Amino acid sequence: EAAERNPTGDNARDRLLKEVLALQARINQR
Amino acid sequence: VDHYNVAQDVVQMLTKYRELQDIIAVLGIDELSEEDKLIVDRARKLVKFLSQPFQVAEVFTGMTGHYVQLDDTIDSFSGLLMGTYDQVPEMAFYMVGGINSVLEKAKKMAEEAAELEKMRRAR
Amino acid sequence: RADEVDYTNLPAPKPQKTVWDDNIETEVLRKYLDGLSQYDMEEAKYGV
Amino acid sequence: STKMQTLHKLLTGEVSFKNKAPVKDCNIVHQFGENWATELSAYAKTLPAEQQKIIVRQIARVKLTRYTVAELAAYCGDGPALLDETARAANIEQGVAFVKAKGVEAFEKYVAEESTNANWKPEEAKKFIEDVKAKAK
Amino acid sequence: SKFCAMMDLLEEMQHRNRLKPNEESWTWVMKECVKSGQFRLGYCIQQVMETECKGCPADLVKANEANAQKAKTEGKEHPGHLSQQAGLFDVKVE
Amino acid sequence: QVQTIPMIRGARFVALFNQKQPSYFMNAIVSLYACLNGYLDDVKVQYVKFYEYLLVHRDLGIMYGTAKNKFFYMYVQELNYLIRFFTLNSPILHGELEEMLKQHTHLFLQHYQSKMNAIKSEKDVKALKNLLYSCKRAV
Amino acid sequence: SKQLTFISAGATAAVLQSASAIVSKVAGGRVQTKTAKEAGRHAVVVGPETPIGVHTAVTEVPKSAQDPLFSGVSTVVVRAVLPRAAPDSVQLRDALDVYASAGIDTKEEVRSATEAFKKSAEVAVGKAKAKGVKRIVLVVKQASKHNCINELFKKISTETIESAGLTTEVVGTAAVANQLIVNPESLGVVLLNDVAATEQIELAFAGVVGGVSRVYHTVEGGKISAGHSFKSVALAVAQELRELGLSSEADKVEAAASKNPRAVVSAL
Amino acid sequence: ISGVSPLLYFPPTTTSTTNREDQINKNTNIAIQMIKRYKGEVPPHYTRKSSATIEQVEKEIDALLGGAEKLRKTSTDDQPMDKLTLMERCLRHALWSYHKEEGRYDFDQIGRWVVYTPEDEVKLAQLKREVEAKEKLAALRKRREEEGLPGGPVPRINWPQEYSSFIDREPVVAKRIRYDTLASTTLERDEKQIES
């Protein structure tokens, strides 16, 4: 519960990985 | 040390993949355990991920080549072994250079398939 | 008459990590003293 | 010939060290000997006037580089020509304070150690230790 | 190390030249442990002399104990780094 | 797979024989004696190197405030010439040798192996592997 | 009538007394000389230590006071100065790096540091544009300790400069200091991050050139003179008198400083 | 060390005042400063519903548990507990948590009436070493004060060797300055003020 309360090159990969998978979920939806 | 550890892990995974390839030839690809059905997948992406397009072959093969820096290589394979890229399609690693190429090709595949669905949904 | 020497080649200053006496004060400041040693090595490598 | 050419390029900044180390009085002495200044000055005489002026200017700047940044900031405030005298006076003042603080015999031993650590000549150390003692009284 | 040098000599005398060390030989080892300050080694030598020789000199035993107490008072009974606690993922294996 | 006592000890001995740099006489003989007497039976094969590293370099008895020996500690490198003169089965060194081995084994099983057996996170698994590699290459 | 504000920051009483004598003898009493600890205009600060209320620490190579060794050199060294708190309180340059390690929130401190760097960057680019240089040299100490303050400094300084359209080259402290002392003609505009080493480098350059007066830009908006030695302070006073609208007096002080550095008061 | 130096090196013993009281007091200003920002605001004031002293509560608990001693029966750790045992455990746990928060670090009873998770044993072990470490350091620095030695820890160094292997004096000089300045200053902080 406390952990929930509290909250550059590698970021780009995370951004792309998240965004890449974002469309993969969207296509499944519709 | 990181380079040595990653290389040994890849070799060990590849060796295990060959052993599993013997068993999928016995009981079909379901009968092994869950662990040895995640090893096969990440080790069918390593094999596809080891291929690289050479710049010398641009004229003949057309596709632009890639020069993968050592730092990228260690990180790219290290992440795959852990399981971070367990959702990327297998074919995204075939004849691509670096982890970023894997991601961009995934965008081009996810977006490409998006048109196909709108077509197959329609018509 | 072959090559004599590369005058543009200096030896890299071999750094040495400062070692602190093993006392209770060192245990209390173990994190504090380690940072100083790292800073000293960084200064030696870069120069200042 | 090669040594003088390399030294001239290095001082001019055209060619840096292998590790891009700063071109200090320390490093120049490291690779070109103790008397690099004398041989370079003699060699420079075989060069046009412009190159001779540059060599002289670079040599003077390198000599000023023989001090640390802190010493230059503290002592070179009133010009470089007066830097040496100001530094010597500051160095002498520190010796006087040490003598008044922890005696003379320990100071004599300390001066011997510092001269050993400074690569200083015995005559200079004796000249320095005598001057500080005279300044005390 | 003087202690290592002397112990090796005794091993040569015992296991290769087949000569049994005498009380004097073991008393030169105990003296070094007291002089060096290696109290833990002195304990073993004390037992060694008692087991093989006709006991151990009283003065050396008392001196050895005195060294141990001073280390105990000064906190030097054991090397410092050994007492530092570490976990599974905090031990910096080298 | 029937695993008798000889099989267990043999497997541990094979794991211990893996070395990169020469081992000091005291460290090698002590580890062999511990394995021979069955102190490593509960220790998993893959964790033997980590167990040996703690025994030689570290000292769990001093760490977790449970030290009873007087002289027989692995940090006393001068014991090498006493072990070479009396044997680890002497009346003089045998008693303390067993005590420290028992304490070291008990602490290792209680603290380290238990945690290592409760790791499932992929990041933790990777960290554990790196630790094992380092231990294998250093005692 | 008019007032000159003297600030003392780590300066020996001899320098302050010399400055007071110089102004009194040259001004003649028309402009009073009051002492304080902070000012925004008509202020001269004596001593290596940075005063309170200054965000930019620019320094140049005046043509008149060029040493024969450094004749013709033209390089502008601007040091970014973060807001200064009381001596007892933790300085921002240190708080911004230690609080992060301790886990303390560092939002307000980052905001204050960002504002200071932006102002310093704006001053630096303005000087670069005026001189016509295309690339500036950022100086950051590469010590592991200063792994956060420098990172923010680079992130903001490059952002502002790139937005302005000029290039930035990052370098350490030792290499730039040696280059600036040995071959300064290869550097046009050099910005310095707020560190003790950078302050020493700025002082060393200001002294090796022959003794100059540094310009401090404050939060209130303005320029105040700064000196650390007899000659530098005398030049600082001369510039300050020139700002008040005294040309002949400023020239006399400048001439006296050039001739007799350590005894300008008696020289003039 | 390449290049004979332009000047000798001398001890940087510049200012002699730096009285431990003032420096420690300045160190006290920093400690209080960083802690307040880390913790934030003082929590909102709370009014007690009832008035009672900790000593009175402990005495009442002792009286309550004393009358049932004959009835109280021990049992194996794995066996189910009794009403008296549960009441005693709860009361002692609350009491000793309050005491540890207050500052009465009596580890002998805290390890008994508060340790129920291996994490708790870990915390107790970490705390126990910390208190002993501070006590020894204070005694050591008191004994060091009795021996009149520089408070700041001294790195085991031979500076004559440092200049030798080094290539330039500047890095060595600064290194001497830092440790010398460290030795001059004492790293003590006011105790009672922080506890307020």
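Where a number appears in this text, it was derived from the coordinates with a stated rule and is not lab data. Note: ideal-geometry Cβ built from the backbone for every residue, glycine included; neighbour counts use all protein chains shown.
Please specify each residue of region E:35-68 satisfying the condition of being charged (D, E, K, R) and either within 14 Å of chain C (Cβ to nearest Cβ) or not in a helix (DSSP H, G or I) (or both).
Taking region E:35-68 first, the residues charged (D, E, K, R) are E:35, E:40, E:50, E:52, E:54, E:59, E:62, E:65.
Hit for region E:35-68 is E:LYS54, nothing else.
Where in region B:43-123 are there helices (runs of 4 or more DSSP H), lying wholly inside it, with at least 1 residues that are farther than 24 Å from B:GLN8 by Cα, touching a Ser or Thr at 6+ places or on another chain (Cβ under 8 Å) and more than 9 Å from chain A (Cβ to nearest Cβ)? Walk me through it before giving the result.
Values: elements: B:58-61, B:70-82, B:98-121.
So the answer is B:58-61.
Check D:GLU85, D:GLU14, D:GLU105, D:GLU39 and return the single one that is in contact with a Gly (Cβ under 8 Å, 6 or more places away or on another chain), surrounded by fewer than 21 Cβ atoms within 10 Å (Cβ to Cβ), of a type in the set (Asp, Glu) and more than 8 Å from every other protein chain (Cβ to nearest Cβ).
Details: D:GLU85 fails: in contact with a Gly (Cβ under 8 Å, 6 or more places away or on another chain); D:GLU14 fails: in contact with a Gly (Cβ under 8 Å, 6 or more places away or on another chain); D:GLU105 fails: in contact with a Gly (Cβ under 8 Å, 6 or more places away or on another chain).
Criteria check complete, one pass: D:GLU39.
Regarding region E:69-92, can at least one residue be identified that is hydrophobic (A, V, I, L, M, F, W, C), within 12 Å of chain F (Cβ to nearest Cβ), assigned to a helix (DSSP H, G or I) and more than 30 Å from F:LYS136 (Cα to Cα)?
Initially, region E:69-92 is screened for residues hydrophobic (A, V, I, L, M, F, W, C), giving E:71, E:82, E:86, E:88-89, E:91.
Of the ones still in play, those that are also within 12 Å of chain F (Cβ to nearest Cβ) are E:82, E:86, E:88-89, E:91.
Right, trim to assigned to a helix (DSSP H, G or I) and you get E:82.
Those still in the list that are more than 30 Å from F:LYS136 (Cα to Cα) too: none.
Within region E:69-92 (the criterion being hydrophobic (A, V, I, L, M, F, W, C), within 12 Å of chain F (Cβ to nearest Cβ), assigned to a helix (DSSP H, G or I) and more than 30 Å from F:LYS136 (Cα to Cα)), the answer is no, since none of the residues qualifies.
What are the residue pairs meeting all of these: first residue in region G:170-183, first residue more than 8 Å from chain D (Cβ to nearest Cβ), second residue among the basic types (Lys, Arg) and crowded, with 19+ Cβ neighbours inside 10 Å, Cβ atoms under 9 Å, and 6 or more apart or on different chains?
What qualifies is G:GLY172/G:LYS141; G:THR173/G:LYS141.
Could you run through region F:106-125 and say how many residues are of a type in the set (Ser, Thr, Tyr) and closer than 17 Å to F:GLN46 by Cβ?
Narrowing region F:106-125 to residues of a type in the set (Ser, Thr, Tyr): F:112, F:114, F:121.
Going one step further and asking which of them are closer than 17 Å to F:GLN46 by Cβ, we end up with F:112, F:114.
Result for region F:106-125: 2.
When you go through D:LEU47, D:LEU72 one by one, which is the residue that is facing chain G (nearest Cβ under 10 Å) and either part of a loop (DSSP other than H, G, I, E, B) or within 14 Å of the chain's Cα centre (by Cα) (or both)? Even if it seems obvious, please write down each step before you answer.
Working: D:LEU47 fails: facing chain G (nearest Cβ under 10 Å).
Criteria check complete, one pass: D:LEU72.
Which of (1) among the hydrophobic types (A, V, I, L, M, F, W, C); (2) under 16 Å from B:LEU14 (Cα atoms); (3) loosely packed, with under 12 Cβ neighbours inside 10 Å is the odd one out, the single condition B:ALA43 does not satisfy?
All conditions pass for B:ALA43, except number (3).
Look through region F:115-135, keep the residues that are farther than 17 Å from B:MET82 by Cα and polar (S, T, N, Q), and return whichever of them is nearest to the chain's Cα centre (by Cα).
Of everything passing the filter in region F:115-135, F:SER134 is nearest to the chain's Cα centre (by Cα).
Could you count how many residues in region G:177-193 are part of a helix (DSSP H, G or I) and crowded, with 22+ Cβ neighbours inside 10 Å?
To start, the set of residues in region G:177-193 that are part of a helix (DSSP H, G or I) comprises G:177-182, G:184-186.
Remaining after also requiring crowded, with 22+ Cβ neighbours inside 10 Å: G:177, G:180-181.
Matching residues across region G:177-193 total 3.
Does F:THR66 fit the bill of being at positive phi and more than 9 Å from chain E (Cβ to nearest Cβ)?
Judged against the criteria, F:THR66 is not a match.
Take the conditions at the interface with another protein chain (Cβ under 10 Å from one of its Cβ atoms), more than 14 Å from G:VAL76 (Cα to Cα) and in contact with a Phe, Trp or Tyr (Cβ under 9 Å, 6 or more places away or on another chain) and apply them to G:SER157. Does it pass? Break it down into steps so the answer makes sense when it comes.
On the way: at the interface with another protein chain (Cβ under 10 Å from one of its Cβ atoms): no; more than 14 Å from G:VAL76 (Cα to Cα): yes; in contact with a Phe, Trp or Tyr (Cβ under 9 Å, 6 or more places away or on another chain): yes.
Here the answer is no, as G:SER157 does not meet what is asked.
Would you check which residues across region F:7-32 are under 25 Å from F:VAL76 (Cα atoms), over 10 Å from the mean Cα position of the chain (by Cα) and not small (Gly, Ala, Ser) and list them?
Of everything in region F:7-32, those that are under 25 Å from F:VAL76 (Cα atoms), over 10 Å from the mean Cα position of the chain (by Cα) and not small (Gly, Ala, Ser) turn out to be F:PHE13, F:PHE17, F:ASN18, F:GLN19, F:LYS20, F:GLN21, F:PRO22, F:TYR24, F:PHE25, F:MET26, F:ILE29.
Kindly provide the set of residues from region C:12-34 that are more than 7 Å from every other protein chain (Cβ to nearest Cβ) and farther than 21 Å from H:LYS136 by Cα, ordered by number.
Selection gives C:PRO15, C:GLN16, C:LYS17.
Residues are listed down the side, and each one gets a yes or a no for (1) among the polar types (S, T, N, Q); (2) surrounded by fewer than 22 Cβ atoms within 10 Å (Cβ to Cβ); (3) on the phi > 0 side of the Ramachandran plot:
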residue	(1), (2), (3)
G:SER112	yes, yes, no
G:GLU115	no, yes, no
G:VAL137	no, no, no
G:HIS146	no, no, no
G:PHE153	no, no, no
G:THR173	yes, no, no
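Determine which member of the set H:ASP82, H:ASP78 is more than 30 Å from D:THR65 (Cβ to Cβ) and either surrounded by fewer than 11 Cβ atoms within 10 Å (Cβ to Cβ) or aromatic (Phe, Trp, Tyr) (or both). First the steps, then the outcome.
Values: H:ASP82 fails: either surrounded by fewer than 11 Cβ atoms within 10 Å (Cβ to Cβ) or aromatic (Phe, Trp, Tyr) (or both).
Sole residue among the options that is more than 30 Å from D:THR65 (Cβ to Cβ) and either surrounded by fewer than 11 Cβ atoms within 10 Å (Cβ to Cβ) or aromatic (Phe, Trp, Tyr) (or both): H:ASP78.
Taking H:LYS49, is it more than 9 Å from every other protein chain (Cβ to nearest Cβ), within 30 Å of G:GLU108 (Cα to Cα) and surrounded by fewer than 12 Cβ atoms within 10 Å (Cβ to Cβ)?
Working: more than 9 Å from every other protein chain (Cβ to nearest Cβ): yes; within 30 Å of G:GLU108 (Cα to Cα): no; surrounded by fewer than 12 Cβ atoms within 10 Å (Cβ to Cβ): yes.
No.
I'd like the residue in region D:96-137 that is among the small types (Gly, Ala, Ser) and closer than 19 Å to H:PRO160 by Cβ and, out of all such residues, is farthest from the chain's Cα centre (by Cα). Spell out the reasoning first.
Our first condition is that a residue be among the small types (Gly, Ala, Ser); within region D:96-137, this holds for D:97, D:101, D:103, D:106, D:112, D:115, D:118, D:125, D:134, D:136.
Subset that is closer than 19 Å to H:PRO160 by Cβ: D:106, D:112, D:115, D:118, D:125.
Working: D:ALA106: 27, D:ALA112: 19, D:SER115: 14, D:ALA118: 11, D:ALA125: 15 Å.
Here the answer is D:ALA106.
Search region D:114-129 for residues being more than 7 Å from chain H (Cβ to nearest Cβ) and of a type in the set (D, E, K, R), and hand back the single one that is surrounded by the fewest Cβ atoms within 10 Å (Cβ to Cβ).
This residue is D:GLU123.
For G:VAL81, state whether it is closer than 24 Å to G:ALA9 by Cα, crowded, with 21+ Cβ neighbours inside 10 Å, more than 13 Å from chain H (Cβ to nearest Cβ) and in contact with an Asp or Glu (Cβ under 7 Å, 6 or more places away or on another chain). Let's see the steps before the verdict.
Working: closer than 24 Å to G:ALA9 by Cα: yes; crowded, with 21+ Cβ neighbours inside 10 Å: yes; more than 13 Å from chain H (Cβ to nearest Cβ): yes; in contact with an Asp or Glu (Cβ under 7 Å, 6 or more places away or on another chain): yes.
In short, yes.
Output yes when any residue across region E:7-29 is under 30 Å from F:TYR112 (Cα atoms) and outside any helix (DSSP H, G or I), and no when none is.
Of the residues in region E:7-29, the ones under 30 Å from F:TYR112 (Cα atoms) are none.
There is no residue in region E:7-29 that is under 30 Å from F:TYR112 (Cα atoms) and outside any helix (DSSP H, G or I).
Quick test for you: out of F:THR87, F:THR66, pick the one residue that is under 17 Å from E:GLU52 (Cβ atoms) and polar (S, T, N, Q).
Numbers: F:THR66 fails: under 17 Å from E:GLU52 (Cβ atoms).
Exactly one of F:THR87, F:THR66 is under 17 Å from E:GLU52 (Cβ atoms) and polar (S, T, N, Q), namely F:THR87.
Could you tell me which of the residues G:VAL61, G:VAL90 is on the phi < 0 side of the Ramachandran plot, within 14 Å of chain H (Cβ to nearest Cβ) and not small (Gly, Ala, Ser)?
Numbers: G:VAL61 fails: within 14 Å of chain H (Cβ to nearest Cβ).
Only one candidate passes the filter, namely G:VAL90.
What's the number of the condition G:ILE136 fails, among (1) within 22 Å of C:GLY47 (Cβ to Cβ); (2) in a strand (DSSP E or B)?
Against the list (1) within 22 Å of C:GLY47 (Cβ to Cβ); (2) in a strand (DSSP E or B), G:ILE136 comes up short only on (1).
Any residue at all in region D:21-32 that is within 30 Å of G:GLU49 (Cα to Cα), surrounded by fewer than 18 Cβ atoms within 10 Å (Cβ to Cβ) and within 14 Å of chain G (Cβ to nearest Cβ)?
no
Quick check on region C:37-47. Is at least one of its residues outside any loop (DSSP other than H, G, I, E, B), hydrophobic (A, V, I, L, M, F, W, C), more than 14 Å from chain G (Cβ to nearest Cβ) and within 29 Å of H:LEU149 (Cα to Cα)? Steps first, please.
Just the residues of region C:37-47 that are outside any loop (DSSP other than H, G, I, E, B), to begin with: C:37-46.
The next check asks that each one be hydrophobic (A, V, I, L, M, F, W, C); those that pass are C:41, C:44.
Imposing the further condition that a residue be more than 14 Å from chain G (Cβ to nearest Cβ) reduces the set to none.
Looking for residues that are outside any loop (DSSP other than H, G, I, E, B), hydrophobic (A, V, I, L, M, F, W, C), more than 14 Å from chain G (Cβ to nearest Cβ) and within 29 Å of H:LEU149 (Cα to Cα), one finds none in region C:37-47, hence no.
Which condition breaks for H:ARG92 when tested against (1) within 30 Å of A:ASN6 (Cα to Cα); (2) within 28 Å of the chain's Cα centre (by Cα)?
Here H:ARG92 clears every test but (1).
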